[PDB]
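Student: Right, I'll just put the structure down here and ask away after.
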Ligand SMILES: *C(=O)CCCC[C@@H]1SC[C@@H]2NC(=O)N[C@@H]21
Ligand SMILES: [Mn+2]
Ligand SMILES: [Mn+2]
């Protein structure tokens, strides 16, 4: 029932979630920041979007609004928060 | 390291593991699909088919599984988008681009691009929404009601067809599409298709013009799209049966064309019926066009091209039921006062709205528009400042301000136009290799009447025949040819006829009398004989019977428009051929594109297969490739982009093949490209293995004077197989044993060094 | 006696100083000084067509001096301004040979000659001669390609910043040659 | 040479130089002659009377100051002087 | 005068064409000679290919302006040329 997945995260966990989604024929979406325009998880998804030029380094995986803005612009059904960012965030999930 | 045939072939052993046969099975195909090996062929797609197979996932299978399941040897070809992109950039980087001055990729002005939110654009209701609302008859009635002067922008088509040999790529157009949509929100239409764009898109720029139409369509959904349609052959290069015109119109309408400016290059109405009908069946706006020549101000110019001729012609186009009347002044001949008198009369004579197109080649362009506006013209063709002037349209930016304090306003957004102008000024920089010769207004236009570009094209052509010092005579002859042929409208391809004839007459010391006297022993240019056969149609005054005779040497001329002679094209047959030649996914747009441009279209495809969608490259990269250390970012789709870094290029090997070291988004990557050195001496030879009896090496630095053997030659020991040059001294290299040559590392004239491998013999 | 043109007499919001009445008064004053001719020097090509008609229209009444008009075609409305000046009764205009005209230069004489066809007033000159000179200058100009301006198109922003003749491209180089050649936008606005 | 791109002498098209004899020009009588006969005020008077628009050419001055940083040399002006004398024989002035 | 024994192959300096001479055919653009199609003493017709050049990956074929005779061929295959160099003289 899930067509597209977005991972609100980076690095090994992102790639990991991507790999499962792919094995489930689910299309993948990745987010990245400025110094992560190199990080490998960006290239392991079907689609990759920058979370706002403006948004800095750590804060850009925290920005609830901008990340959801991305999720809409792609028609994503589901977000996997991974671990250690918005993964425990209440406001983000709501 | 390479693979030897002496051990059983094992590339990689792959193993998957999970809770269920279903999950491990889908773990396997996933890892199989990520697998990529090159330089050799693999059993990869085979296994993929095996895993996917329901009978394998069933578990019930036996040893006879492969022999009984014939689908497993039916594997689909594997293209690679990314590699082909690397291949293109590599080629252009090393061996340059045709007609582009081989220079290091320039560091242009950045000049970032103005954009507008697509949700805002979606809220705009312009002339496109008006066509969908009130039909083509109703758009016309709306136009003639507008007190403001409505503009058509020509930046996407005519503007660069004039100034840049039509080289402006889709990429630069799509980049400002959203800004343009806002800027021209109240515009009548954007001219973005037809003329040379079809031809030039497929051939030179190697991009699909249909893609350009379709993408601009989505991005600019509020303004009318307009194309220029030549009555005889839509956008082709020869003649066509009527069903080719119809098809192309139907499919042009479907992909987003709303306004078709239909013109005949002789103002022959009868050749304009097909395009007209077709456009009407498509429910789109059909613009009926009068081309301007002569000078209605001057009664000595012609007894034919008078005010009464244009009036008569206009009323015939009205009874033909064109929704709009276009005046195509393709040579910028419409003088200010002429404009005011012509339009004024045309307003009174017909009820159609008048749409005026001029070129600024005399420098009086804006004056002409200003006068036309005064006389009540409904629509004019303009371009943004930086893409205007000279052989292009008059500038919209300045027309805007030129009108200040006069009783009629040009309905547009200047602020926007300034911005568009800035964008087009930086972008034009990319096209510097295709800049026109012309840098100045030219009023000799008014005597020889060469349209658009030609007065430079023909000078180039006249220099080729060594008449460079006698161009005035050529220009003089062009004018005489016009009267010799009976005073004709001169637009492609009729103007080509006159230029060809003129070149021909000057080159052959021929005048109006000798062309008839000696004509029995003269091979007149194909374009004139063609013209005198009836193949562009009928010129207003007809053909001079004796001049026709002398040129035709007894060939029949047509007794009707070129169209009625040809069989309808069997399009099913066209589809059959294409689907066989290609994969499978073929469309109607593919079909007429083939019909209209067979050889060109076939070449577009061989390029698509080899290099992919070149139209997605930014223009600098497309023309120059990449320099060392550079990173470029190629937009494939929303969220899908290739980040490529060129790291270094190696010296060429013994085959002139250079190795490019790329990084393609996170991955190391190596590509090979043959370098056309221009001469051969810079090739890096492999060092001979010294303790190898097969490998023959070079004993001294020298040259390859002569090559005597190639791959697969068998002669006895002591055969003189390679002649060298030590230092003004020839030494004849001989074979140590009877055997066969495996590799010859050199060709005649290559520099060699001490210990370089030359020959290998078994 | 020369009057340099700035502002825009067509736009009452542009200036309550550089109005028609200011120009008339300055003309009458220069006539009082005993100049033999009245020049209008439009150095920044700011004399819009309808403004030309009105200004020269009003000046012919105010003073008895013949009027000598000089503009630059930097906005691309040069010829229009001239044609409109001629309708207003202007005596002498500054033109240049086609191949030496346009953009920051004066309007093309060659172009004006024909532009006026059908109109009440003819340009007194020899086009066949002008065409012939034009060709000559077209080749000679070629010897000076290292000195060509960067300007290859008309610029209507001159109505905002009023930068005279050359300056625009000159001032861009200074900006580049000072590490501001990116933000020439704010320079243009700062000039204004 | 200053401000000139160090490169081998570029190829130039041949300039046909149209030429008028000095006696044909010595016979002309234009605005120069009028000033000698009538003075500045008379020249002004004569201008006011003319129907035609009169012109002042700027090729030798303001045209190349605008387009070519005023670099046009005497020599290039000198070569067409005699043709210019003829073309603009009815001109008001030459800037 | 000493002939250089192919130690540059193409770095021969071509005399520039007298542009006011009809018999002189000069190079319109910089580029390379791809194929010499005629030699000295040969009779040619008008519009006959004499020479093929390659400028920027584009091949132009240089043709005889008038019926006549080749009197000097200035280039060989592979030689580079600059705008204005004499290539052929025909009468
Ligand atoms: C030199 O030929 C390098 C290959 C570049 C090919 C490109 S693709 C589009 C242009 N059309 C064409 O025939 N070649 C150019
Ligand atoms: Mn056109
Ligand atoms: Mn000035």
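Residue numbers (the deposited numbering), protein chains in the order written: chain A, 36 to 129; chain B, 416 to 513, 515 to 538, 538A to 538B, 539 to 717, 717A, 718 to 763, 765 to 849, 852 to 1178; chain C, 702 to 717, 717A, 718 to 763, 765 to 849, 852 to 895; chain D, 512 to 513, 515 to 538, 538A to 538B, 539 to 605; chain E, 1088 to 1178.
Beta carbons: idealized from backbone N, C-alpha and C, even for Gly.
(1) Give me the DSSP bridge partner(s) of residue 740 (chain B).
(2) Reducing DSSP to helix, strand and coil, say where residue 82 (chain A) ends up.
(3) Per DSSP, what are the beta-bridge partners of residue 115 (chain A) in this structure?
(4) For a test of your reading of the model: does the CB of residue 572 (chain D) fall under 6 Å from any non-hydrogen atom of ligand 3? Yes or no.
(5) Taking only beta carbons into account, state which residues of the segment 1104-1132 of chain E come closer than 8 Å to chain D, listed in chain order.
(6) Please classify residue 622 (chain B) as buried or exposed, where buried requires at least 16 other C-beta atoms within 10 Å of its C-beta.
(7) Chain E partners of residue 1095 (chain B), CB-CB under 9 Å?
(8) Check for me: the beta strand (DSSP E) holding residue 606 (chain B) runs from which residue to which?
(9) Could you check whether the Cβ of residue 831 (chain C) sits closer than 6 Å to any heavy atom belonging to ligand 3?
(10) Quick one: which chain E residues come within Cβ less than 7 Å of residue 516 (chain B)?
(11) In the DSSP assignment, the beta strand (DSSP E) including residue 1136 (chain E) goes from what residue to what residue?
(12) Would you list the one or two residues that DSSP bridges to residue 1088 (chain B)?
(13) When the Cα atoms are used, what is the spatial distance from residue 417 (chain B) to residue 888 (chain C)?
(14) Going along the segment 1068-1091 of chain B in order, which residues come within less than 7 Å of chain A, judged by CB to CB distance?
(15) Starting from the C-beta of residue 872 (chain B), find all residues in its chain whose C-beta is less than 8 Å away, skip the five residues before and the five after it, and write them out in chain order.
(16) I need the DSSP call for residue 1122 (chain E), collapsed to helix, strand or coil.
(17) Are any of the Cβ atoms in chain C nearer than 7 Å to that of residue 541 (chain D)?
(18) Using the Cα positions of residue 611 (chain B) and residue 532 (chain B), report the straight-line distance between them to the nearest angstrom.
(19) What residues from the segment 63-78 of chain A come within 9 Å of chain B, judged by C-beta to C-beta, listed N to C?
(20) Does ligand 3 have a heavy atom nearer than 6 Å to the CB of residue 743 (chain C)?
(21) Below 7 Å between beta carbons: does that hold for residue 737 (chain B) and residue 704 (chain B)?
(22) What are the partner residues of residue 1172 (chain E), as DSSP defines its beta bridges?
(23) On the three-state DSSP scale, how would you describe residue 967 (chain B)?
(24) Heavy atom of ligand 1 less than 6 Å from the Cβ of residue 557 (chain B), yes or no?
(25) Which whole-angstrom value describes the C-beta separation of residue 1157 (chain E) and residue 1120 (chain E), a residue pair presumed to lie in contact below a C-beta threshold of 8 Å?
(26) Just how far apart, CA to CA, sit residue 812 (chain C) and residue 559 (chain D)?
(27) Is residue 513 (chain B) near ligand 1, with its Cβ less than 6 Å from a heavy atom?
(28) With DSSP collapsed to three states, give me the class of residue 735 (chain C).
(29) Counting only beta-carbon atoms, is residue 96 (chain A) nearer than 7 Å to chain B?
(30) With a cut-off of 7 Å, does the C-beta of residue 895 (chain C) fall near any C-beta of chain D?
(31) What's the call for residue 1082 (chain E), buried or exposed, on a 16-neighbour Cβ count within 10 Å?
(32) Mapping the DSSP letters down to three states, classify residue 1114 (chain B) as helix, strand or coil.
(33) Are the Cβ atoms of residue 783 (chain B) and residue 794 (chain B) separated by less than 7 Å?
(34) Is it the case that the Cβ atoms of residue 1064 (chain B) and residue 1078 (chain B) are separated by a distance below 7 Å?
(35) Is any heavy atom of ligand 1 found at a distance shorter than 6 Å from the C-beta of residue 620 (chain B)?
Tutor: The structure says:
(1) The residue you call residue 740 (chain B) lines up with position 327 of the second chain. Looking at the DSSP assignment, residue 740 (chain B) forms a beta bridge with B:704 and B:770.
(2) One-based indexing of the first chain puts residue 82 (chain A) at position 47. Three-state result, residue 82 (chain A): strand.
(3) Locating residue 115 (chain A) in the first chain gives position 80, where the first residue counts as 1. According to DSSP, residue 115 (chain A) bridges with A:42.
(4) Translated into positions along the fourth chain, residue 572 (chain D) becomes position 62. Indeed, a heavy atom of ligand 3 lies less than 6 Å from the Cβ.
(5) 1106 and 1107
(6) Taking the first residue of the second chain as position 1, residue 622 (chain B) is located at position 208. Burial call: buried.
(7) Reading the second chain from its first residue, position 679 is the one you call residue 1095 (chain B). Within chain E, the residues near residue 1095 (chain B) are 1096, 1097 and 1165.
(8) Within the second chain, numbered from 1, the residue matching residue 606 (chain B) stands at position 192. Run containing residue 606 (chain B): 603-608, per the beta strand (DSSP E) assignment.
(9) Here residue 831 (chain C) corresponds to residue number 130 of the third chain, with the count starting at 1. Not under cutoff, so the answer is no.
(10) The count along the second chain starts at 1 and reaches residue 516 (chain B) at position 100. Under the 7 Å cutoff, chain E gives 1143.
(11) Position 49 of the fifth chain holds residue 1136 (chain E). Note, residue 1136 (chain E): beta strand (DSSP E), 1136-1141.
(12) Taking the second chain and counting its residues from 1, the one referred to as residue 1088 (chain B) is at position 672. In DSSP, residue 1088 (chain B) forms a bridge with B:1075.
(13) As a first step, residue 417 (chain B) is located in the second chain; it is residue number 2 there, counting from the start. As a first step, residue 888 (chain C) is located in the third chain; it is residue number 185 there, counting from the start. Whole-angstrom Cα-Cα distance: 59 Å.
(14) 1081 and 1082
(15) Stepping through the second chain from its first residue, residue 872 (chain B) is reached at position 456. So the qualifying residues of the chain are 852, 853 and 854.
(16) On the fifth chain, position 35 is the one that residue 1122 (chain E) refers to. Three-state DSSP puts residue 1122 (chain E) in a strand.
(17) The count along the fourth chain starts at 1 and reaches residue 541 (chain D) at position 31. It does not: the Cβ of residue 541 (chain D) has no partner Cβ on chain C nearer than 7 Å.
(18) Translated into positions along the second chain, residue 611 (chain B) becomes position 197. Translated into positions along the second chain, residue 532 (chain B) becomes position 116. Looking at the two C-alpha atoms, the distance is approximately 26 Å.
(19) 64, 65, 72, 73, 74, 75, 77 and 78
(20) Here residue 743 (chain C) is taken as the residue at index 43 of the third chain, counted from 1. Yes - ligand 3 has a heavy atom lying nearer than 6 Å to the Cβ of residue 743 (chain C).
(21) Translated into positions along the second chain, residue 737 (chain B) becomes position 324. Translated into positions along the second chain, residue 704 (chain B) becomes position 290. Not in contact: residue 737 (chain B) and residue 704 (chain B) (Cβ atoms no closer than 7 Å).
(22) Taking the fifth chain and counting its residues from 1, one reaches residue 1172 (chain E) at position 85. According to DSSP, which records beta bridges pairwise, residue 1172 (chain E) is partnered with E:1103.
(23) For the purposes of this step, residue 967 (chain B) is identified with residue 551 of the second chain, where counting begins at 1. Residue 967 (chain B): helix per DSSP, three-state reduction.
(24) Indexing the second chain from 1 puts residue 557 (chain B) at position 143. Incorrect: residue 557 (chain B) has no Cβ contact closer than 6 Å to ligand 1.
(25) The sequence position of residue 1157 (chain E) within the fifth chain is 70, counting from 1. The sequence position of residue 1120 (chain E) within the fifth chain is 33, counting from 1. So it is not a contact: roughly 15 Å between Cβ atoms.
(26) Locating residue 812 (chain C) in the third chain gives position 111, counting from the first residue. Locating residue 559 (chain D) in the fourth chain gives position 49, counting from the first residue. Rounded to the nearest angstrom, the two C-alpha atoms are 25 Å apart.
(27) Numbered from its first residue, the second chain carries residue 513 (chain B) at position 98. Checking the Cβ of residue 513 (chain B) against ligand 1 gives yes.
(28) In the third chain, counting from the first residue as 1, residue 735 (chain C) sits at position 35. Of the three classes helix, strand and coil, the one that applies to residue 735 (chain C) here is coil, per DSSP.
(29) Position 61 of the first chain, counted from the first residue, corresponds to residue 96 (chain A). Cβ-Cβ to chain B under 7 Å: no for residue 96 (chain A).
(30) To locate residue 895 (chain C), count along the third chain from 1; it is residue 192. Answer no: the Cβ-Cβ gap between residue 895 (chain C) and chain D never drops below 7 Å.
(31) What is shown of chain E runs 1088 to 1178, which leaves residue 1082 (chain E) out entirely.
(32) Within the second chain, numbered from 1, the residue matching residue 1114 (chain B) stands at position 698. Residue state, collapsed to three classes: coil.
(33) The sequence position of residue 783 (chain B) within the second chain is 369, counting from 1. The sequence position of residue 794 (chain B) within the second chain is 380, counting from 1. Cβ atoms of residue 783 (chain B) and residue 794 (chain B): closer than 7 Å.
(34) To locate residue 1064 (chain B), count along the second chain from 1; it is residue 648. To locate residue 1078 (chain B), count along the second chain from 1; it is residue 662. Their beta carbons are not under 7 Å apart, which means residue 1064 (chain B) does not touch residue 1078 (chain B) by this criterion.
(35) For the purposes of this step, residue 620 (chain B) is identified with residue 206 of the second chain, where counting begins at 1. Yes; taking the cut-off as 6 Å, the Cβ of residue 620 (chain B) has a heavy atom of ligand 1 nearer than that.
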